[PDB]
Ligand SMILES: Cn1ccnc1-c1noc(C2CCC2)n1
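A single chain, nothing else alongside it, follows as structure tokens in the form deposited without the ligand.
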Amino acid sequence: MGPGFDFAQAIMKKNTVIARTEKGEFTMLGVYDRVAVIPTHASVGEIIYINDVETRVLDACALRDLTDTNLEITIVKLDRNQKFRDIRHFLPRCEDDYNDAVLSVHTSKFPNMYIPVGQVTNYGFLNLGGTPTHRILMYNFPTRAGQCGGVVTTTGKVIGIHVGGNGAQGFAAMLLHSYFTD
């Protein structure tokens, strides 16, 4: 409808796949080469389904900060025959607050879904499903089961992936440029 949705659509159309694990279907953001991200609670194993194709996992790393606190991001390297468009230059370098964000989801259950979530707070610490978690972004939208892995964007920036909610608020794990240096 406007330039926020324009940027979100551009990311969804080229840089997302549908990931299936034993824990469900997730929106999965491809970042560069064969490297993607998913919420750690997806419990990635040795094999994952990518757009319903059986795919070997070459590496999977559940990220934690230097206090050894959960970040709820898993970085996955996929044995896939095709590279993602490199979008690392759209990742923020530092922790921040944002205005006018969009949460975008693409699954069998929620195809081509775009939610204007509005203002995003650098919330920080969250007890997420009983797990102490850092670098959480919060938005005041009643997000629901099926949105985990959804991409949080502003115009020109890919800032997080949706990891939970409390019925009234939704929570995303930050994406930082420093996670994907090589």
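Residue numbers run from 1 along the displayed sequence.
> Could you settle it for me: does 131-139 or 144-152 have the higher average Cα B factor in the PDB entry?
If you average the C-alpha B-factors of 131-139 and of 144-152, the larger mean comes out for 144-152.
> When the Cα temperature factors in the entry are averaged, is it 68-76 or 95-103 that ends up higher?
That would be 95-103.
> How does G160 rank on Cα B-factor within its chain, lowest, middle or highest third?
For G160, whose C-alpha B-factor we compare with every modelled residue in the chain, the answer is the lowest third.
> Quick check on the deposited entry: does the C-alpha B-factor of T121 sit in the lowest, middle or highest third of its chain?
Its C-alpha B-factor, which the entry lists for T121, ranks in the highest third among residues of this chain.
> Should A168 be placed in the lowest, middle or highest third of its chain by the C-alpha B factor in the entry?
Within its chain, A168 is a highest-third residue by C-alpha B-factor, going by the deposited values.
> Once the chain's modelled residues are ordered by C-alpha B factor and cut into thirds, is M113 in the lowest, middle or highest one?
CA B-factor rank for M113: middle third.
> Compared with the other modelled residues in the chain, in which third is the CA B-factor of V37?
For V37, the deposited C-alpha B-factor lands in the lowest third.
What follows is about the form deposited with the ligand bound, which we do not show.
> So in the deposited bound form, does any heavy atom of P142 sit within 4.5 Å of the ligand?
Heavy-atom contact with the ligand at 4.5 Å: present for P142.
> When the contact criterion is heavy atoms within 4.5 Å, does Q147 count as touching the ligand in the deposited bound form?
Judged by the heavy-atom cut-off of 4.5 Å, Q147 is in contact with the ligand in the deposited bound form.
> Give, in sequence order, every residue of 110-128 that has a heavy atom within 4.5 Å of the ligand in the deposited bound form, or say none if there are no such residues.
Contacts from 110-128: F110, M113, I115.
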